[PDB]
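> Please find data_24.pdb (PDB, C-alpha atoms and all ligand atoms) on the next line:
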ATOM      1  CA  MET I   1     115.627  72.012  21.274
ATOM      2  CA  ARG I   2     119.388  72.017  20.775
ATOM      3  CA  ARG I   3     121.202  69.881  23.334
ATOM      4  CA  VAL I   4     124.812  70.686  24.129
ATOM      5  CA  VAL I   5     127.219  67.893  25.074
ATOM      6  CA  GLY I   6     130.863  68.930  25.026
ATOM      7  CA  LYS I   7     131.503  70.393  21.581
ATOM      8  CA  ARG I   8     128.515  68.569  20.095
ATOM      9  CA  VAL I   9     125.100  70.082  19.507
ATOM     10  CA  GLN I  10     122.209  67.723  18.859
ATOM     11  CA  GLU I  11     118.705  68.864  18.012
ATOM     12  CA  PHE I  12     115.917  66.779  19.474
ATOM     13  CA  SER I  13     112.127  66.880  19.451
ATOM     14  CA  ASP I  14     109.623  68.391  21.878
ATOM     15  CA  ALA I  15     108.120  64.911  22.055
ATOM     16  CA  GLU I  16     111.437  63.515  23.272
ATOM     17  CA  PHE I  17     111.644  66.267  25.879
ATOM     18  CA  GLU I  18     108.134  65.458  27.083
ATOM     19  CA  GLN I  19     108.997  61.803  27.586
ATOM     20  CA  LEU I  20     112.062  62.835  29.588
ATOM     21  CA  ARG I  21     110.259  65.408  31.726
ATOM     22  CA  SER I  22     107.392  63.020  32.457
ATOM     23  CA  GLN I  23     109.763  60.937  34.584
ATOM     24  CA  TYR I  24     110.477  63.785  36.992
ATOM     25  CA  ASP I  25     108.414  65.622  39.593
ATOM     26  CA  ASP I  26     109.112  69.085  38.216
ATOM     27  CA  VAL I  27     111.389  71.162  35.997
ATOM     28  CA  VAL I  28     113.890  73.860  37.010
ATOM     29  CA  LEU I  29     115.254  76.194  34.312
ATOM     30  CA  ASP I  30     118.470  78.229  34.539
ATOM     31  CA  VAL I  31     118.572  81.036  31.947
ATOM     32  CA  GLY I  32     122.013  82.335  30.969
ATOM     33  CA  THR I  33     123.836  79.524  32.741
ATOM     34  CA  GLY I  34     127.345  80.337  31.498
ATOM     35  CA  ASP I  35     129.710  77.497  32.412
ATOM     36  CA  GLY I  36     126.759  75.612  33.917
ATOM     37  CA  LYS I  37     128.159  74.901  37.391
ATOM     38  CA  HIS I  38     124.994  76.082  39.148
ATOM     39  CA  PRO I  39     122.482  73.769  37.465
ATOM     40  CA  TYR I  40     124.924  70.889  37.903
ATOM     41  CA  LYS I  41     124.697  71.496  41.649
ATOM     42  CA  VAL I  42     120.920  71.847  41.479
ATOM     43  CA  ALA I  43     120.545  68.567  39.573
ATOM     44  CA  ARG I  44     122.964  66.779  41.911
ATOM     45  CA  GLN I  45     121.027  67.931  44.968
ATOM     46  CA  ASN I  46     117.557  67.453  43.457
ATOM     47  CA  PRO I  47     117.487  63.930  41.894
ATOM     48  CA  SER I  48     113.688  64.013  41.471
ATOM     49  CA  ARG I  49     113.579  67.180  39.352
ATOM     50  CA  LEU I  50     114.694  67.732  35.773
ATOM     51  CA  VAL I  51     117.105  70.655  35.481
ATOM     52  CA  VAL I  52     117.343  72.484  32.169
ATOM     53  CA  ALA I  53     119.993  75.145  31.622
ATOM     54  CA  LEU I  54     120.619  77.314  28.621
ATOM     55  CA  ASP I  55     123.039  79.904  27.333
ATOM     56  CA  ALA I  56     123.450  81.853  24.108
ATOM     57  CA  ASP I  57     127.105  80.764  23.973
ATOM     58  CA  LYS I  58     127.473  77.000  23.479
ATOM     59  CA  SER I  59     131.239  77.023  24.068
ATOM     60  CA  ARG I  60     130.842  77.997  27.741
ATOM     61  CA  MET I  61     128.936  74.821  28.549
ATOM     62  CA  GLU I  62     131.389  72.418  26.880
ATOM     63  CA  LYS I  63     133.220  70.940  29.880
ATOM     64  CA  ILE I  64     130.338  70.554  32.326
ATOM     65  CA  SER I  65     127.814  69.312  29.753
ATOM     66  CA  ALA I  66     130.285  66.597  28.712
ATOM     67  CA  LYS I  67     130.758  65.557  32.333
ATOM     68  CA  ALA I  68     127.007  65.543  32.984
ATOM     69  CA  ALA I  69     126.480  63.256  29.984
ATOM     70  CA  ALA I  70     129.077  60.755  31.202
ATOM     71  CA  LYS I  71     128.448  57.688  33.330
ATOM     72  CA  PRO I  72     127.311  58.371  36.930
ATOM     73  CA  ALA I  73     130.659  57.211  38.353
ATOM     74  CA  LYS I  74     132.371  59.914  36.285
ATOM     75  CA  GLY I  75     129.994  62.705  37.289
ATOM     76  CA  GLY I  76     127.121  61.967  34.921
ATOM     77  CA  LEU I  77     123.619  63.146  35.861
ATOM     78  CA  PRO I  78     120.461  61.886  34.115
ATOM     79  CA  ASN I  79     118.340  64.836  35.257
ATOM     80  CA  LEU I  80     120.361  67.620  33.656
ATOM     81  CA  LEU I  81     120.015  69.030  30.162
ATOM     82  CA  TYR I  82     122.083  71.856  28.663
ATOM     83  CA  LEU I  83     120.535  73.730  25.724
ATOM     84  CA  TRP I  84     121.835  76.311  23.258
ATOM     85  CA  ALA I  85     119.414  79.228  23.228
ATOM     86  CA  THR I  86     118.956  82.910  23.967
ATOM     87  CA  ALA I  87     116.452  84.448  26.343
ATOM     88  CA  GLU I  88     114.961  86.247  23.323
ATOM     89  CA  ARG I  89     114.286  82.918  21.602
ATOM     90  CA  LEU I  90     113.665  80.389  24.332
ATOM     91  CA  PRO I  91     113.267  76.675  23.565
ATOM     92  CA  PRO I  92     109.700  75.296  23.373
ATOM     93  CA  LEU I  93     109.596  74.536  27.100
ATOM     94  CA  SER I  94     106.313  74.462  28.970
ATOM     95  CA  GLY I  95     105.260  74.191  32.601
ATOM     96  CA  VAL I  96     108.621  75.012  34.200
ATOM     97  CA  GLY I  97     108.189  75.120  38.004
ATOM     98  CA  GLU I  98     111.230  77.114  39.079
ATOM     99  CA  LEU I  99     113.184  79.691  37.090
ATOM    100  CA  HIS I 100     116.677  81.036  37.883
ATOM    101  CA  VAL I 101     118.456  83.992  36.317
ATOM    102  CA  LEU I 102     121.801  84.413  38.047
ATOM    103  CA  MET I 103     124.213  87.328  37.562
ATOM    104  CA  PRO I 104     122.829  88.380  34.174
ATOM    105  CA  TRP I 105     124.529  90.854  31.879
ATOM    106  CA  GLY I 106     123.865  92.089  28.355
ATOM    107  CA  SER I 107     120.353  91.878  26.962
ATOM    108  CA  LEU I 108     119.261  89.401  29.641
ATOM    109  CA  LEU I 109     120.090  91.976  32.312
ATOM    110  CA  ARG I 110     118.307  94.706  30.392
ATOM    111  CA  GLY I 111     115.374  92.301  30.196
ATOM    112  CA  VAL I 112     115.159  91.571  33.918
ATOM    113  CA  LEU I 113     115.091  95.296  34.710
ATOM    114  CA  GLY I 114     111.765  95.282  32.898
ATOM    115  CA  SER I 115     111.821  98.683  31.191
ATOM    116  CA  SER I 116     110.159  96.674  28.452
ATOM    117  CA  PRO I 117     108.129  93.622  29.508
ATOM    118  CA  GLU I 118     108.829  91.422  26.454
ATOM    119  CA  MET I 119     111.698  89.354  27.796
ATOM    120  CA  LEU I 120     110.081  88.799  31.205
ATOM    121  CA  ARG I 121     106.907  87.734  29.410
ATOM    122  CA  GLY I 122     108.844  85.314  27.221
ATOM    123  CA  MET I 123     110.402  83.698  30.274
ATOM    124  CA  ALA I 124     107.049  83.582  32.050
ATOM    125  CA  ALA I 125     105.671  81.815  28.958
ATOM    126  CA  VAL I 126     107.676  78.646  29.629
ATOM    127  CA  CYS I 127     106.606  78.553  33.275
ATOM    128  CA  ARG I 128     103.393  77.327  34.806
ATOM    129  CA  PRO I 129     101.398  79.864  36.781
ATOM    130  CA  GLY I 130     102.655  79.576  40.367
ATOM    131  CA  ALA I 131     106.240  78.802  39.336
ATOM    132  CA  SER I 132     108.887  80.264  41.638
ATOM    133  CA  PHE I 133     111.641  82.553  40.386
ATOM    134  CA  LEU I 134     115.005  83.838  41.543
ATOM    135  CA  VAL I 135     116.718  86.725  39.785
ATOM    136  CA  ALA I 136     120.090  87.406  41.358
ATOM    137  CA  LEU I 137     121.313  90.787  40.192
ATOM    138  CA  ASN I 138     125.049  91.412  40.061
ATOM    139  CA  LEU I 139     125.160  94.910  41.514
ATOM    140  CA  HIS I 140     128.532  95.527  39.845
ATOM    141  CA  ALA I 141     126.517  96.308  36.732
ATOM    142  CA  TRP I 142     126.206  99.680  38.484
ATOM    143  CA  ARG I 143     129.773  99.935  39.770
ATOM    144  CA  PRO I 144     130.033 101.714  37.460
ATOM    145  CA  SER I 145     126.924 101.560  35.264
ATOM    146  CA  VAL I 146     127.345  99.283  32.233
ATOM    147  CA  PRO I 147     125.707 100.265  28.929
ATOM    148  CA  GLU I 148     122.814  97.808  29.273
ATOM    149  CA  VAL I 149     121.475  99.274  32.542
ATOM    150  CA  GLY I 150     121.206 102.707  30.951
ATOM    151  CA  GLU I 151     120.152 105.341  33.479
ATOM    152  CA  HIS I 152     118.670 102.817  35.917
ATOM    153  CA  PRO I 153     119.934 103.566  39.433
ATOM    154  CA  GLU I 154     121.441 100.642  41.367
ATOM    155  CA  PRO I 155     118.490  98.783  42.891
ATOM    156  CA  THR I 156     118.149  98.253  46.619
ATOM    157  CA  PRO I 157     115.722  96.078  48.571
ATOM    158  CA  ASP I 158     113.533  99.138  49.114
ATOM    159  CA  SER I 159     113.813 100.768  45.698
ATOM    160  CA  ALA I 160     113.146  97.435  43.998
ATOM    161  CA  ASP I 161     109.940  97.050  45.976
ATOM    162  CA  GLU I 162     109.205 100.534  44.630
ATOM    163  CA  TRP I 163     109.967 100.575  40.889
ATOM    164  CA  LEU I 164     110.804  96.952  39.982
ATOM    165  CA  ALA I 165     107.708  95.321  41.469
ATOM    166  CA  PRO I 166     105.277  97.305  39.267
ATOM    167  CA  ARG I 167     107.292  96.469  36.153
ATOM    168  CA  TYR I 168     107.417  92.799  37.078
ATOM    169  CA  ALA I 169     103.648  92.739  37.663
ATOM    170  CA  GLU I 170     103.026  94.229  34.203
ATOM    171  CA  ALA I 171     104.936  91.261  32.788
ATOM    172  CA  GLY I 172     103.204  88.682  34.974
ATOM    173  CA  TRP I 173     105.847  88.259  37.689
ATOM    174  CA  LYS I 174     104.843  88.672  41.330
ATOM    175  CA  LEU I 175     107.877  90.146  43.077
ATOM    176  CA  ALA I 176     107.505  88.948  46.662
ATOM    177  CA  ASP I 177     110.926  89.569  48.138
ATOM    178  CA  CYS I 178     114.039  91.643  47.521
ATOM    179  CA  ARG I 179     117.153  91.212  49.643
ATOM    180  CA  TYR I 180     120.926  91.432  49.566
ATOM    181  CA  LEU I 181     122.803  88.131  49.541
ATOM    182  CA  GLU I 182     125.959  87.729  51.618
ATOM    183  CA  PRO I 183     129.031  86.688  49.600
ATOM    184  CA  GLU I 184     128.787  83.274  51.271
ATOM    185  CA  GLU I 185     125.182  82.933  50.040
ATOM    186  CA  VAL I 186     126.246  83.864  46.511
ATOM    187  CA  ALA I 187     128.959  81.223  46.823
ATOM    188  CA  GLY I 188     126.331  78.617  47.711
ATOM    189  CA  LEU I 189     124.719  79.181  44.314
ATOM    190  CA  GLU I 190     127.875  77.683  42.801
ATOM    191  CA  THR I 191     128.338  80.062  39.882
ATOM    192  CA  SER I 192     131.641  80.998  38.227
ATOM    193  CA  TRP I 193     131.049  84.518  39.498
ATOM    194  CA  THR I 194     132.149  83.606  43.024
ATOM    195  CA  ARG I 195     135.752  83.761  41.866
ATOM    196  CA  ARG I 196     135.366  87.113  40.107
ATOM    197  CA  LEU I 197     133.628  88.528  43.171
ATOM    198  CA  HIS I 198     136.073  87.099  45.727
ATOM    199  CA  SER I 199     138.216  90.246  45.506
ATOM    200  CA  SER I 200     135.267  92.617  45.967
ATOM    201  CA  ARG I 201     135.489  94.964  48.918
ATOM    202  CA  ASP I 202     131.802  95.893  48.738
ATOM    203  CA  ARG I 203     129.446  94.929  51.569
ATOM    204  CA  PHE I 204     127.168  93.074  49.150
ATOM    205  CA  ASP I 205     127.598  92.198  45.497
ATOM    206  CA  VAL I 206     124.209  90.664  44.754
ATOM    207  CA  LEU I 207     120.546  91.572  45.195
ATOM    208  CA  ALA I 208     118.118  88.618  45.134
ATOM    209  CA  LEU I 209     114.649  89.117  43.662
ATOM    210  CA  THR I 210     112.259  86.256  44.373
ATOM    211  CA  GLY I 211     108.602  85.567  43.783
ATOM    212  CA  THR I 212     106.142  83.627  41.675
ATOM    213  CA  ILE I 213     104.960  83.717  38.083
ATOM    214  CA  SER I 214     101.417  85.098  38.095
ATOM    215  CA  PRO I 215     100.133  86.058  34.618
TER     216      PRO I 215
HETATM  217  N1  LIG I 301     119.833  87.234  25.934
HETATM  218  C1  LIG I 301     120.510  86.217  26.461
HETATM  219  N2  LIG I 301     120.079  84.925  26.268
HETATM  220  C2  LIG I 301     120.764  83.859  26.812
HETATM  221  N3  LIG I 301     121.902  84.075  27.556
HETATM  222  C3  LIG I 301     122.319  85.349  27.753
HETATM  223  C4  LIG I 301     121.651  86.438  27.219
HETATM  224  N4  LIG I 301     122.315  87.565  27.588
HETATM  225  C5  LIG I 301     123.388  87.198  28.344
HETATM  226  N5  LIG I 301     123.392  85.831  28.436
HETATM  227  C6  LIG I 301     124.325  84.951  29.151
HETATM  228  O1  LIG I 301     124.160  85.142  30.544
HETATM  229  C7  LIG I 301     125.361  84.809  31.209
HETATM  230  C8  LIG I 301     125.630  85.848  32.292
HETATM  231  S1  LIG I 301     127.142  85.479  33.218
HETATM  232  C9  LIG I 301     126.133  84.454  34.317
HETATM  233  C10 LIG I 301     126.431  82.971  34.128
HETATM  234  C11 LIG I 301     125.858  82.069  35.220
HETATM  235  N6  LIG I 301     124.487  82.432  35.535
HETATM  236  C12 LIG I 301     126.700  82.162  36.477
HETATM  237  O2  LIG I 301     126.207  82.616  37.509
HETATM  238  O3  LIG I 301     127.875  81.794  36.481
HETATM  239  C13 LIG I 301     126.448  84.766  30.133
HETATM  240  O4  LIG I 301     126.876  83.437  29.964
HETATM  241  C14 LIG I 301     125.787  85.208  28.846
HETATM  242  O5  LIG I 301     126.227  84.429  27.748
END
Is it possible to give me this structure as structure tokens?


Amino acid sequence: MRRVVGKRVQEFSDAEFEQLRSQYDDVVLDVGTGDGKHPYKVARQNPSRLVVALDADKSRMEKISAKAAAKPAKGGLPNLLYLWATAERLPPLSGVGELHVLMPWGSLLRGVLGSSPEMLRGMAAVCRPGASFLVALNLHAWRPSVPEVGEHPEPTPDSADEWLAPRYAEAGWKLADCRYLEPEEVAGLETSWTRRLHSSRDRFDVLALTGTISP
């Protein structure tokens, strides 16, 4: 595992991770965390769970990871770990209890559309059976269609129940609910995307897919 703290990366062992995790009730993983504001909120609000967040781009996490590693009085949080990793090559995590993928783009977005099940299966691998998941799709990936969504139509609560659920099941994800999130609900997630989306004139910008990992 490759921990990010400010501009520093430090590899550490699975054994060290296990000792850390063993002190908490459960683990939450944010995949593609970007600037890392969301997991910082999650860790702040959930002191009894260990929050792990990763991104392919280590530079994005510099500021917040440095703050999280500081003393408590300066915004430090003991239950928050930022890692440098892609969704294609996840860290050796096991038994994650809650998985978030918020506003993905690029190969992570292609992955969560499930035309191929490999990425979904790789993410399911780090989770225990019964883990909860939230995939929050940025619908602007279809406004207009970006290269990575190919010919996929923009998903809706109904259409997702139709063509996404079967794909998720093939990959071991039980898609239980699909619904639009109000802009205020998106804002509650505390991602950097709130700012980008503030100027949107669309009714909804995000579709939330939730369920459980069921291999
Ligand atoms: N295959 C992949 N593996 C890991 N991260 C990926 C990825 N493909 C895209 N990403 C990352 O996913 C992020 C999408 S932007 C979303 C950032 C964050 N979830 C937020 O809501 O603010 C980007 O930071 C990008 O670097």

> When distances are computed from only C-alpha atoms and all ligand atoms, which of I:165, I:56, I:29, I:146 shows the smallest separation from ligand LIG 301 (chain I)?

I:56

> Could you work out an axis-aligned bounding box for all listed atoms of range 33-46 of chain I, with 8 Å added on each of the six sides, and give its centre and edge lengths in Å to one decimal, as JSON?


{"center_x": 123.6, "center_y": 73.6, "center_z": 38.2, "size_x": 28.2, "size_y": 29.6, "size_z": 29.5}

> Kindly indicate which residue among I:143, I:58, I:38, I:152 lies nearest to residue 102 in chain I, using only C-alpha atoms for the distances.

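Closest to residue 102 in chain I of all the choices is I:38.
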
> As a quick test: using all atoms listed in the file, which residues lie no more than 7 Å away from ligand LIG 301 (chain I)? Give them as a ChimeraX atom specification.

/I:31-38,54-57,85-88,101-109,191-193

> Write out, as an mmCIF file, in the frame of the given file, the residues just selected, with C-alpha atoms.


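Written out: result-v7.cif:
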data_model
loop_
_atom_site.group_PDB
_atom_site.id
_atom_site.type_symbol
_atom_site.label_atom_id
_atom_site.label_comp_id
_atom_site.auth_asym_id
_atom_site.auth_seq_id
_atom_site.Cartn_x
_atom_site.Cartn_y
_atom_site.Cartn_z
ATOM 1 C CA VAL I 31 118.572 81.036 31.947
ATOM 2 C CA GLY I 32 122.013 82.335 30.969
ATOM 3 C CA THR I 33 123.836 79.524 32.741
ATOM 4 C CA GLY I 34 127.345 80.337 31.498
ATOM 5 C CA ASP I 35 129.710 77.497 32.412
ATOM 6 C CA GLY I 36 126.759 75.612 33.917
ATOM 7 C CA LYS I 37 128.159 74.901 37.391
ATOM 8 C CA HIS I 38 124.994 76.082 39.148
ATOM 9 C CA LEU I 54 120.619 77.314 28.621
ATOM 10 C CA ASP I 55 123.039 79.904 27.333
ATOM 11 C CA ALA I 56 123.450 81.853 24.108
ATOM 12 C CA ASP I 57 127.105 80.764 23.973
ATOM 13 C CA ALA I 85 119.414 79.228 23.228
ATOM 14 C CA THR I 86 118.956 82.910 23.967
ATOM 15 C CA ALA I 87 116.452 84.448 26.343
ATOM 16 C CA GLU I 88 114.961 86.247 23.323
ATOM 17 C CA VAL I 101 118.456 83.992 36.317
ATOM 18 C CA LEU I 102 121.801 84.413 38.047
ATOM 19 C CA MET I 103 124.213 87.328 37.562
ATOM 20 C CA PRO I 104 122.829 88.380 34.174
ATOM 21 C CA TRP I 105 124.529 90.854 31.879
ATOM 22 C CA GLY I 106 123.865 92.089 28.355
ATOM 23 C CA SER I 107 120.353 91.878 26.962
ATOM 24 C CA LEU I 108 119.261 89.401 29.641
ATOM 25 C CA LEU I 109 120.090 91.976 32.312
ATOM 26 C CA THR I 191 128.338 80.062 39.882
ATOM 27 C CA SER I 192 131.641 80.998 38.227
ATOM 28 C CA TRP I 193 131.049 84.518 39.498
#

> In Å to one decimal, how far is CA of residue 42 in chain I from CA of residue 84 in chain I?

18.8 Å

> Considering only C-alpha atoms, can you say which of I:178, I:171, I:197, I:5 comes closest to residue 116 in chain I?

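Using only C-alpha atoms, residue 116 in chain I sits closest to I:171.
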
> Could you check the closest approach to residue 184 in chain I for each of I:27, I:206, I:52, I:149 and tell me which residue wins, using all atoms listed in the file?

I:206

> In the coordinates of the file, take the point (131.5, 70.7, 29.5) and a cut-off of 10 Å; then, counting only C-alpha atoms, name each qualifying protein, DNA or RNA residue as a PDB file with C-alpha atoms, in the coordinates of the input.


ATOM      1  CA  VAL I   4     124.812  70.686  24.129  1.00  0.00           C
ATOM      2  CA  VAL I   5     127.219  67.893  25.074  1.00  0.00           C
ATOM      3  CA  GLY I   6     130.863  68.930  25.026  1.00  0.00           C
ATOM      4  CA  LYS I   7     131.503  70.393  21.581  1.00  0.00           C
ATOM      5  CA  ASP I  35     129.710  77.497  32.412  1.00  0.00           C
ATOM      6  CA  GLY I  36     126.759  75.612  33.917  1.00  0.00           C
ATOM      7  CA  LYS I  37     128.159  74.901  37.391  1.00  0.00           C
ATOM      8  CA  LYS I  58     127.473  77.000  23.479  1.00  0.00           C
ATOM      9  CA  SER I  59     131.239  77.023  24.068  1.00  0.00           C
ATOM     10  CA  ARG I  60     130.842  77.997  27.741  1.00  0.00           C
ATOM     11  CA  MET I  61     128.936  74.821  28.549  1.00  0.00           C
ATOM     12  CA  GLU I  62     131.389  72.418  26.880  1.00  0.00           C
ATOM     13  CA  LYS I  63     133.220  70.940  29.880  1.00  0.00           C
ATOM     14  CA  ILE I  64     130.338  70.554  32.326  1.00  0.00           C
ATOM     15  CA  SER I  65     127.814  69.312  29.753  1.00  0.00           C
ATOM     16  CA  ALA I  66     130.285  66.597  28.712  1.00  0.00           C
ATOM     17  CA  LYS I  67     130.758  65.557  32.333  1.00  0.00           C
ATOM     18  CA  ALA I  68     127.007  65.543  32.984  1.00  0.00           C
ATOM     19  CA  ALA I  69     126.480  63.256  29.984  1.00  0.00           C
ATOM     20  CA  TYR I  82     122.083  71.856  28.663  1.00  0.00           C
TER      21      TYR I  82
END
